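In the authors' numbering, the protein residues as written are 1 to 101.
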């Protein structure tokens, strides 16, 4: 059959619509630095952190468009208020507990 455990891109969703903080999680990097996008800070007891997000992620896609390697202004311009946003983050590894069932 098929076997795909190691590696699994998760789908994080952040809503708020208010230039106060953002989506609960800050990003870092940018094509301007030669790097892509990744979580830099994640607020506790927040929605993001609730979605699974955590300091040490990689925003592969946002909403629909794929950042990959865009200026910090690009990624940002992609993030922030913009209707039901879909944060695409990749994960590599599993923890003990509820995961498969």
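Every residue, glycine too, gets a C-beta built ideally from N, C-alpha and C.
In this structure, residue 10 sits near residue 52, with a CB-CB distance shorter than 8 Å. Closest in alpha carbon position to residue 47, among 100, 96, 99 and 21, is 21. Using a Cβ distance threshold of 8 Å, residue 67 and residue 14 do not count as a contacting pair.
Counting the other Cβ atoms within 10 Å of the Cβ of residue 64 gives fewer than 16, which makes it exposed.
Here residue 55 is exposed, its C-beta having fewer than 16 other C-beta atoms within 10 Å. The Cβ neighbour count for residue 35, taken over all protein chains shown within 10 Å, is under 16; the residue is labelled exposed.
In this structure, the CA atom of residue 8 is about 20 Å from the CA atom of residue 69. Going by C-alpha positions, residue 32 is about 9 Å away from residue 73.
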